[PDB]
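Derivation of every value follows stated rules applied to the coordinates shown; laboratory data play no part. For neighbour counting, all protein chains shown are included, and Cβ atoms are generated from backbone atoms with ideal geometry for every residue, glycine included.
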RNA sequence: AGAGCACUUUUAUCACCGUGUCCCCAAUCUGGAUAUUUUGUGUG
C-alpha cells in the first residue's frame, strides 16, 4: 500500500470512523400475512430458457414505522462544514434507503 | 480511543376461466261495559 507508505505521508485512513449509526427496529409485531405469487414460464417457444415450469409462491408484508437513533459524534468534523451541511440535508432527504 | 465490525440480500412476475335456492300453503272458529244518581242556596 502506498509504496510502503513513505510517499503517502498521510494516515492510511485504516479505521477513521465518522457518523456512527445504529440499526433500525420496527414498532409493531408480525402476524403472519401472505400475498400470492405467480411467476409464469417466460415462454413455451423462446430460445431463452423457461425454467422448465411455472410455480406459485407466497410473500408476507406488514405496515409499520421504524424508530431510529442517529448517534452523530465527533468535534473534529470542522474541516469541511459544507460537506457536513450537505450530509445533513441528504439525511433530511432520505428516500429509497432499503434496496428492496 | 472497545481482539481494526462496513464494501451483497441483490434484479423481473394478472389465482386465472363458466354457474336461476329452486317448486305448493286461510290464523282459522264464538262474545249486550254492563247496574243507580235534583248544580241545589238567596241579592232595588
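For this structure, a couple of remarks:
- Hey, residue A:100 on the phi > 0 side of the Ramachandran plot and within 13 Å of RNA strand B (Cβ to nearest atom) or not: no
- The listed residue being free of Cβ contacts under 8 Å to residues at least 12 places away in the same chain, in a loop (DSSP other than H, G, I, E, B), out of contact with any helix residue (DSSP H, G or I) (no Cβ under 9 Å at 6 or more places or on another chain) and surrounded by 10 or more Cβ atoms within 10 Å (Cβ to Cβ), out of A:13, A:73, A:55, A:43: A:43
- Among the conditions (1) free of Cβ contacts under 8 Å to residues at least 12 places away in the same chain; (2) in a helix (DSSP H, G or I); (3) within 21 Å of the chain's Cα centre (by Cα), the only one that residue A:98 does not satisfy is (2).
- Residue that is nearest to RNA strand B (Cβ to nearest atom), among those in region A:58-70 that are under 30 Å from residue A:16 (Cβ atoms) and in a loop (DSSP other than H, G, I, E, B): A:69
- Residue check, residue A:40 out of contact with any strand residue (DSSP E or B) (no Cβ under 9 Å at 6 or more places or on another chain), on the phi < 0 side of the Ramachandran plot and within 11 Å of RNA strand B (Cβ to nearest atom): yes
- Here residue A:3 meets the list (1) over 30 Å from residue A:57 (Cα atoms); (2) within 11 Å of RNA strand B (Cβ to nearest atom); (3) outside any loop (DSSP other than H, G, I, E, B) almost entirely, failing just condition (2).
- Scanning region A:22-32 for residues that are within 14 Å of RNA strand B (Cβ to nearest atom) and either surrounded by 10 or more Cβ atoms within 10 Å (Cβ to Cβ) or in contact (Cβ under 8 Å) with a residue 24 or more places away in the chain (or both) yields a total of 2.
- Qualifying positions in region A:25-40 - within 19 Å of residue A:66 (Cα to Cα) and assigned to a strand (DSSP E or B): A:25, A:26
- Among the numbered conditions (1) part of a loop (DSSP other than H, G, I, E, B); (2) in contact (Cβ under 8 Å) with a residue 24 or more places away in the chain; (3) surrounded by 10 or more Cβ atoms within 10 Å (Cβ to Cβ), the only one that residue A:87 does not meet is (1).
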